[PDB]
Amino acid sequence: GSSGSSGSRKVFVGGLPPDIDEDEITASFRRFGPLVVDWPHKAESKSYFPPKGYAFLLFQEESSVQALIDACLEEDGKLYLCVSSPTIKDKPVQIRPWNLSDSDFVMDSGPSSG
């Protein structure tokens, strides 16, 4: 199987500080809600230093995801969020909610309650 359009909570982050760690990344995105950090080189490898500063965030709940977007600034369609670090100042990381690359527009709303 595969989750891209259905509703993938995962979130792509690019631009993380050059002196940041796992936990740090979490706290930066903890406020929104319980989440977990995992980069393409987290399991296979050991080093806990997200290459070229980048990793994937898997928020326990989907809702949180939405909240993120809202906070994430809008620059020509692309989204960007600010993440302050003990060393580096509020850095505008590239937050791109993992999704199936496709070109299709659709207007609709979800069922608040049921």
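Shown above is the structure to which this text applies.
Read on for a plain summary of the structure. (Residues numbered from 1 in each chain as written, not as in the entry; some residues may be left out. Heavy atoms only, no water.)

1. Remarks on the packing of aromatic side chains
Point 1. If you walk through the whole model with that rule in mind, you get 4 aromatic pairs.
Point 2. Arranged with centres 5.5 Å apart and planes meeting at 85 degrees, the rings of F56 and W98 form a pair that is edge-to-face. Linking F56 in strand β3 (residues 54-57) with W98 in the segment after β6 (91-96), this pair joins segments that are 42 residues apart in sequence.
Point 3. Accessibility expressed as a relative area gives 40% for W98, which makes it partly exposed.
Point 4. An aromatic cluster of at least three residues, connected via ring pairs, comprises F12, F56 and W98.
Point 5. The ring of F32 has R31 lying over it, and the distance from NZ or CZ to the ring centre is 5.6 Å. (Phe/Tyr/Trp six-rings, centres within 6.5 Å; stacked < 30°, edge-to-face > 60°. Helix = DSSP H or I, 4+ residues; strand = E, 2+ residues; numbered from the N terminus. Buried < 20%, exposed > 50% of the residue type's maximum accessible area, 1.4 Å probe, protein only. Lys NZ or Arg CZ within 6 Å of the ring centre and 35° of its normal.)

2. Points about the sheet that holds strand β5 (residues 78-83)
Point 1. The 6 strands lie next to each other as β2-β3-β1-β6-β5-β4, forming an open sheet whose pairing is antiparallel. If you trace the sheet from one side to the other, it starts and ends with β2 (37-38) and β4 (73-75), each paired once.
Point 2. Across 3 bridges, the pairing between β4 and β5 is antiparallel. Each bridged residue has a counterpart across the sheet, and for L73 the counterpart in β5 is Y80. (Pairing = 2+ DSSP bridges.)

3. Observations concerning the nonpolar core
Point 1. Within the largest apolar cluster, 20 residues are counted, with the highest numbers of intra-cluster contacts made by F29, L57, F59, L68, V93 and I95.
Point 2. Elements supplying a minimum of two residues to this core: β1 (11-14), β3, α2 (62-71), β5 and β6.
Point 3. Sequence-distant contacts of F29, that is, excluding residues within four places in its chain, are made with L35, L57, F59, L68, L81, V83, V93 and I95. (Core = buried A, V, L, I, M, F, W, Y, C linked by side-chain atoms within 4.5 Å. Contact = heavy atoms within 4.5 Å.)

4. Considering the environment of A67
Point 1. Along the polypeptide, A67 turns up in helix α2.
Point 2. Judged by its relative accessible area of 41%, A67 is partly exposed.

5. Describing the environment of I88
Point 1. The topology assignment puts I88 in the loop between β5 and β6.
Point 2. Among all residues touching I88, those that are not within four sequence positions of it are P17 and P18.

6. Thoughts on the pairing of β5
Looking down a regular strand, the side chains alternate between one sheet face and the other.
Point 1. Only one face of β5 is buried, namely the one carrying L79, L81 and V83, since none of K78, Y80 and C82 on the opposite face is buried.
Point 2. From the end of β4 to the start of β5, which pair antiparallel, there are 2 residues, and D76 there has a positive phi angle of about 65 degrees.
Point 3. Of the strand pairs in this sheet, β5 and β6 are connected by 4 bridges, and their pairing is antiparallel. By the bridge assignment, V83 is partnered in β6 with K91.

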